[PDB]
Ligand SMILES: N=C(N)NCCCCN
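Okay, here we've got a single chain as structure tokens, the form solved without the named molecule, with questions on binding and movement later.
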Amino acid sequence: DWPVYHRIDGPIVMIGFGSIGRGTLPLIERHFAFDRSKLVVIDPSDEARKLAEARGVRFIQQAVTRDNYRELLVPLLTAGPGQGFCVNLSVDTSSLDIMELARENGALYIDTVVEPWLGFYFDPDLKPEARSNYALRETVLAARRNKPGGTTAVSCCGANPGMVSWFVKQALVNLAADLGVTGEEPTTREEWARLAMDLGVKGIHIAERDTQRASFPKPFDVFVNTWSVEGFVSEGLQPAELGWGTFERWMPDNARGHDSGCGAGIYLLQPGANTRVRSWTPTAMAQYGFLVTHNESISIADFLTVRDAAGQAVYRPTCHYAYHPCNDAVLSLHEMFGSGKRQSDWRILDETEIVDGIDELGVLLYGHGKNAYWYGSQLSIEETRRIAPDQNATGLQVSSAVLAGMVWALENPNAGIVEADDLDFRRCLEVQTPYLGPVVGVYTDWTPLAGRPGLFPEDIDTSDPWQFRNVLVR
């Protein structure tokens, strides 16, 4: 039967009960020991309230805001007898501020995104740079520098960001092994970074194809998705963003860097969900992905940076999302950008509404001796239904990653603010793998120059197929 990993000795406060909350709650109940009355869910939605009442869980129907979060969360997280756990799966709330509050009060914390308080994403007085995930991530890095160590808080530990950081480490180990390179696997950041450099990894796509289909066709003027519509549109409207490799020799005219921070990122002055890149997955083969900004695009490139004695970067991989969402979400983006405004309505596909499909989610390492290697999960909706309730394949990859992060935080409770790249990737994947369906590594000889140039002139670099110049759809 199911492993019980740990006792939680205090309140469990779940903030948000949308698609990921609904998928995560049963895993928390499944895999942790605690008094049922210790758990409470906070969400402003009536829909969420009715579901929570049906599950028999405590529910507080309230939006967490800048104005009320201290008054609301501090008593709940410190109810005792010991250390509680704040599980933040919301939108419109500040990850940074709630995280800092949890840490001040000795409660563990996990989220799946660096979310700002409501109002941030569409503030007209904000420059595009300030709306970037690079900038949000830097607030977390600064918080860590200001308060090193202390109670563990896990930032951005979903499927992506989150799990895919663990896939990158496993992929690097697999590439090395497949070359006949034997020896101790890296243990430090510097060793991982040098492994990527030594293997000649030029860059990484977070290469995803969602093939989940609904029993009903896409309705006119309804945005459809397999996870948060609000969250997807939000990130989709942020600037296109990528971790920027040292091998790159070209960037578009509307690309910009950053004055400060870890130094690993650029962004484009255009929305990521209307930016296309040429990419590849085992089931899709060659496909367009959208260049949607993601925390791990920066965090992985940062993690895998090799610096010289002077502190200058001598190696860093390119890293970015290449997202092909479900067909109805592709159509939803076409409708939204085509109308110049958000649809009147939206819906997230429930498992009962999905006829078939998978969420194929992995990391595509390219530029090395075997050209390209994809490593990740091919979780189907059929398998999902067999092993976890109240979610689709997309949800389960995320909720199981939150599970793994919670297990790691409980096992390593004095580690301070950490990213998915900081966790024991083997332990996390050990906890998560029961919920990931097939997990496979696949080589391909495909490159962004396959079939090019065609019948029109193209600005391409034939000496280096994986240059962003060739990947970006222009």
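One-based numbering along the sequence shown.
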Practice item. With reference to the PDB entry, specify whether the mean Cα temperature factor is higher for 295 to 303 or for 177 to 185. Key: 177 to 185
Exercise for review: Between 222 to 230 and 348 to 356, name whichever shows the higher mean Cα B factor according to the PDB entry.
Suggested key: 348 to 356
Review point. Taking the Cα B-factors listed in the entry, which of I12, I460, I15, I20 comes out highest?
Key: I460
Point to revise | Identity of residue with top Cα B-factor, from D210, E138, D111, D253 | key: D253
Study note, to complete from the structure: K38: CA temperature factor from the record, placed by chain third, in the middle
Exercise for review: Determine, from the deposited record, the chain-internal third of the Cα B-factor for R131: lowest, middle or highest.
Suggested key: highest
Check your understanding: Would the CA B-factor of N68 place it in the lowest, middle or highest third of its chain?
Key -> middle
Exercise for review: Ordered by C-alpha B-factor within the chain, which third holds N414? Give me lowest, middle or highest, please.
Suggested key: middle
**Study point:** Relative C-alpha B-factor of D328, binned into the chain's lowest, middle or highest third
**Key:** lowest
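Beyond the structure shown, there is the form deposited with the named molecule bound, which is absent from this document and is the topic of what follows.
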Practice item. Go through 337 to 345, 370 to 378, 296 to 304, 213 to 221 and give me the stretch that gets within 4.5 Å of the named molecule in the deposited complex, heavy atoms only. Key: 296 to 304
Point to revise | Contact residue in the deposited complex, chosen from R276, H258, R385, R144 - any heavy atom within 4.5 Å of the named molecule | key: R144
Study note, to complete from the structure: Assert contact residue (the named molecule, in the deposited complex, non-hydrogen atom within 4.5 Å, options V57, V418, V442, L410) equals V418
Practice item. Using the partner position in the deposited complex, report whether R137 sits within 4.5 Å of the named molecule, counting heavy atoms only. Key: yes
Review point. Is there a heavy atom of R194 no more than 4.5 Å from a heavy atom of the named molecule in the deposited complex?
Key: no
**Study point:** Exercise: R189 in contact with the named molecule in the deposited complex, heavy atom 4.5 Å
**Key:** yes
